[PDB]
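K.L.:
Pasting a structure here, questions to come.
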Amino acid sequence: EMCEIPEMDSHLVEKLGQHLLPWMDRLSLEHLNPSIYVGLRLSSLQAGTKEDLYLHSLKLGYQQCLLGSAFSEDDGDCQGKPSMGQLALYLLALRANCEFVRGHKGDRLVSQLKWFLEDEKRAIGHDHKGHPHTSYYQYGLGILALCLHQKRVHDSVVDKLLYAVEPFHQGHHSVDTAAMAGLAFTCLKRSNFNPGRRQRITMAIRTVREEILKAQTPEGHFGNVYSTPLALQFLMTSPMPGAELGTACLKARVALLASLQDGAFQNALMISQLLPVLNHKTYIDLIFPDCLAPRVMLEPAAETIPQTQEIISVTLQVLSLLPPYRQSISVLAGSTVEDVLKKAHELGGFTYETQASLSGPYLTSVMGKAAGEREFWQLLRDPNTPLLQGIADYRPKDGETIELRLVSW
Ligand code: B12
């Protein structure tokens with residue numbers, strides 16, 4: 001149809017699936033990723049028996065931790081617990097296996113996620129002035145999740161998502177939050193969930209595609225390379241032709257195909273967001289999913305690029321702190337930013353804290369300064385160009401400088 005990408009080189013898709021393959025074995029609570037599972041099921045690729053065991057661990061961990069305690073066993077956080085944002089994605093994972101939340105534990109989880117959105121609605125406080133504690137992205141994903149499990153939220157919850165769509169938004173992220181918000185609305189619209197806002201919701205969806213389609217860079221991308229998959233995902237639901245989508249969507253293909261054969265898609269989460277798209281599938285396909293639709297097996301990557309020894313110098317610097325820190329760390333070539341961070345800690349006076357996430361290690365504290373409220377520890381490559389990847393996916397080159405900067409958004 002109108003916003004459609006033709007199929008790609010069968011082995012390029014297979015290449016991406018092979019990146020996911022080593023994750024199907026890290027069933028650790030701090031490595032289980034519902035987005036990966038959803039990724040596979042909606043792709044043209046299929047792991048194998050590993051899948052079912054992965055889903056089982058998801059069901060185990062996510063329920064064992066989010067439900068199962070009365071007066072608490074006198075501990076701080078004895079699992080860490082999945083975030084409510086993470087719970088939302090787990091719900092899509094269930095859908096990926098053609099399942100609805102079953103039993104009391106189902107009722108409990110649904111109830112929990114409805115509460116999260118309710119707190120995030122208080123956090124905003126009416127239709128002006130105030131941010132969610134998480135982000136409008138998880139807010140949109142919360143609404144979408146429950147909508148896929150045939151659970152409705154009150155109009156006052158949808159209201160806040162409706163409002164964020166109009167203005168707001170600066171810097172690449174906008175395009176993802178728009179796409180997510182956009183998808184949520186599609187869902188609601190396709191089942192008439194908030195009738196009192198039916199006409200209102202349709203307008204918003206129309207608002208979203210303008211915002212997104214407007215943000216198409218001359219390369220062909222939507223916002224950036226990593227905002228493109230989720231953008232396309234949303235745009236593959238909009239049924240209004242003319243011409244607009246046709247060429248713009250087909251342009252994105254070129255921009256994507258280029259980046260793809262460049263190795264831009266290293267991150268497991270990002271592969272799992274593109275794979276459905278690559279298979280003409282969206283998260284909206286999780287309303288009526290096809291569990292019998294066949295997918296080709298994935299052989300183990302088996303061979304692993306051995307690379308080559310070449311010791312390189314990378315300058316790590318932290319301004320935005322007490323005495324500014326800067327030290328030329330020496331690592332093996334192909335090392336990740338996290339390796340540079342790691343060597344610095346053991347080398348001298350440097351520390352850092354991370355958190356796990358569906359996206360990988362998230363940098364939270366540097367040199368003993370934990371990021372506050374609407375601030376975060378930005379990653380940058382000198383001069384002043386923010387990184388498109390995290391500490392665990394960016395592999396700096398010789399003589400490069402990395403800045404860890406505490407900005408506020
Ligand atoms: C929310 C968000 C943020 C927020 C998070 C704070 C908040 N609001 O609570 C802010 C604005 C701070 C942010 C910053 C960054 N982000 Co961000 N972010 C997102 C967004 C919109 C949604 C993620 C989300 O909420 N997921 C839902 C829940 C279920 O997932 P989760 O794993 O539990 O969510 C946590 C992590 O995703 C983490 N997080 C957010 N961004 C990133 C990026 C990386 C690399 C990692 C490891 C973690 C991480 O924030 C969430 C917890 O609050 C996505 C869009 C997308 N398409 O995924 C981009 C996205 C994940 N971010 C991205 C990037 C590049 C970054 C930064 C590295 C930017 C930078 N140059 O410094 C930083 C991370 C800083 C760090 N210390 O590592 C990319 C990752 C691309 C890739 N190939 O890995 C994405 C896809 C956006 C994009 N299109 O470029 N981000």
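Labels used: A, B, ... for chains in the order of the structure tokens, numbers from 1 for residues in each chain, and numbers from 1 for ligands as shown.
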Set the distance at 12 Å and use only C-alpha atoms: which residues neighbour segment 23-30 of chain A once local chain neighbours fewer than 2 positions away are removed? I'd like the list as a ChimeraX atom specification.

P.N.:
/A:17-21,32-37,40,46-65,78-83,86,267-269,271-272,298,300,355-361

K.L.:
Counting only C-alpha atoms, what is within 8 Å of residue 142 of chain A, bar same-chain residues fewer than 5 positions away, as an MDAnalysis selection string?

P.N.:
chainID A and resid 84:85 88 113:114 117

K.L.:
Using only C-alpha atoms and all ligand atoms, determine which residues fall within 6 Å of ligand 1, then list them as a ChimeraX atom specification.

P.N.:
/A:85-86,134-135,137-138,173,176-177,226-227,267,270,357-364,376-379,386-390

K.L.:
Using only N, CA, C and O atoms, please write the residues we just selected to a file, as a compact mmCIF listing (two decimals), in the first residue's frame.

P.N.:
# COMPACT_ATOMS: atom_id res chain seq x y z
N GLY A 85 6.80 1.14 32.50
CA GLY A 85 7.08 1.24 31.08
C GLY A 85 7.46 -0.12 30.51
O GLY A 85 7.02 -0.48 29.42
N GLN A 86 8.26 -0.87 31.27
CA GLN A 86 8.69 -2.22 30.87
C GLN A 86 7.55 -3.22 30.90
O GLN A 86 7.46 -4.08 30.02
N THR A 134 8.11 9.86 34.08
CA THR A 134 8.87 9.10 33.10
C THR A 134 9.05 9.90 31.81
O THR A 134 10.03 10.64 31.67
N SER A 135 8.11 9.75 30.88
CA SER A 135 8.10 10.45 29.59
C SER A 135 6.81 10.16 28.84
O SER A 135 6.23 9.09 29.01
N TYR A 137 6.51 9.17 26.11
CA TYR A 137 6.74 7.96 25.33
C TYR A 137 6.19 6.73 26.05
O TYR A 137 5.46 5.95 25.45
N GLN A 138 6.55 6.57 27.32
CA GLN A 138 6.02 5.48 28.13
C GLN A 138 4.53 5.68 28.36
O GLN A 138 3.77 4.72 28.42
N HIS A 173 14.22 13.02 19.53
CA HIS A 173 13.29 12.19 20.31
C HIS A 173 11.82 12.37 19.96
O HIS A 173 11.08 11.40 19.82
N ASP A 176 10.05 9.87 17.82
CA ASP A 176 9.71 8.59 18.44
C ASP A 176 8.45 8.70 19.31
O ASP A 176 7.53 7.89 19.19
N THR A 177 8.42 9.72 20.16
CA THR A 177 7.28 9.97 21.05
C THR A 177 6.02 10.23 20.23
O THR A 177 4.94 9.75 20.59
N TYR A 226 17.60 6.15 13.92
CA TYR A 226 17.02 5.31 14.97
C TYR A 226 15.60 5.72 15.35
O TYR A 226 14.96 5.04 16.14
N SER A 227 15.13 6.82 14.79
CA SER A 227 13.74 7.21 14.98
C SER A 227 12.90 6.72 13.81
O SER A 227 11.68 6.69 13.88
N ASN A 267 22.29 -2.28 18.00
CA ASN A 267 21.50 -2.43 19.23
C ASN A 267 20.32 -3.38 19.08
O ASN A 267 19.52 -3.26 18.15
N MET A 270 16.88 -1.78 18.98
CA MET A 270 16.68 -1.09 17.71
C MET A 270 16.42 -2.03 16.54
O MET A 270 15.68 -1.69 15.61
N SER A 357 18.48 -1.56 31.16
CA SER A 357 17.29 -1.13 30.42
C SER A 357 17.17 -1.93 29.13
O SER A 357 18.17 -2.45 28.64
N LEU A 358 15.96 -2.00 28.57
CA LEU A 358 15.70 -2.72 27.32
C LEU A 358 16.63 -2.26 26.19
O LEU A 358 16.72 -2.91 25.14
N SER A 359 17.34 -1.17 26.43
CA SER A 359 18.22 -0.54 25.46
C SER A 359 19.70 -0.79 25.80
O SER A 359 20.59 -0.57 24.98
N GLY A 360 19.95 -1.28 27.02
CA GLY A 360 21.31 -1.56 27.49
C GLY A 360 21.65 -0.77 28.73
O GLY A 360 20.76 -0.17 29.34
N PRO A 361 22.94 -0.76 29.14
CA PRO A 361 23.38 0.06 30.27
C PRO A 361 23.14 1.56 30.05
O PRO A 361 23.64 2.14 29.08
N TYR A 362 22.38 2.16 30.96
CA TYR A 362 22.02 3.57 30.93
C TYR A 362 22.85 4.32 31.97
O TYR A 362 22.78 3.99 33.15
N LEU A 363 23.63 5.30 31.52
CA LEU A 363 24.51 6.05 32.41
C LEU A 363 23.72 7.01 33.29
O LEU A 363 23.02 7.88 32.78
N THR A 364 23.84 6.86 34.61
CA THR A 364 23.04 7.63 35.56
C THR A 364 23.86 8.55 36.48
O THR A 364 23.38 9.61 36.89
N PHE A 376 19.83 14.73 32.51
CA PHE A 376 20.40 13.43 32.18
C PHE A 376 21.84 13.57 31.72
O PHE A 376 22.24 14.64 31.24
N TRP A 377 22.61 12.50 31.87
CA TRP A 377 24.01 12.51 31.47
C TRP A 377 24.20 12.25 29.97
O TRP A 377 24.21 11.11 29.52
N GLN A 378 24.34 13.33 29.21
CA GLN A 378 24.47 13.26 27.76
C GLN A 378 25.82 12.71 27.34
O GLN A 378 26.84 12.98 27.98
N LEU A 379 25.83 11.95 26.25
CA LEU A 379 27.08 11.48 25.66
C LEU A 379 27.38 12.29 24.40
O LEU A 379 26.50 12.48 23.55
N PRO A 386 26.28 15.30 19.91
CA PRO A 386 25.77 14.23 20.76
C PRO A 386 25.77 12.88 20.05
O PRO A 386 25.55 12.81 18.84
N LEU A 387 26.04 11.82 20.82
CA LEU A 387 26.13 10.46 20.28
C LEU A 387 24.75 9.90 19.95
O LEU A 387 23.78 10.15 20.67
N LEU A 388 24.69 9.13 18.87
CA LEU A 388 23.46 8.46 18.47
C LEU A 388 23.35 7.06 19.07
O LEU A 388 22.40 6.33 18.80
N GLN A 389 24.32 6.69 19.90
CA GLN A 389 24.37 5.36 20.53
C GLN A 389 24.79 5.48 21.98
O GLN A 389 25.36 6.50 22.38
N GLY A 390 24.51 4.44 22.76
CA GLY A 390 24.87 4.41 24.18
C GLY A 390 26.28 3.91 24.45
O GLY A 390 26.96 3.42 23.54

K.L.:
Restricting the calculation to only C-alpha atoms, which member of A:335, A:186, A:238, A:354 is positioned closest to residue 2 of chain A?

P.N.:
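Smallest separation from residue 2 of chain A among the options: A:238.
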
K.L.:
In segment 104-197 of chain A, what's alpha helix (DSSP H) per DSSP? Answer as number ranges by chain?

P.N.:
A: 104-124, 136-148, 155-165, 174-189

K.L.:
Calculated over only C-alpha atoms, which of the candidates A:159, A:393, A:290, A:244 has the smallest distance to residue 265 of chain A?

P.N.:
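Of A:159, A:393, A:290, A:244, the one nearest residue 265 of chain A, counting only C-alpha atoms, is A:393.
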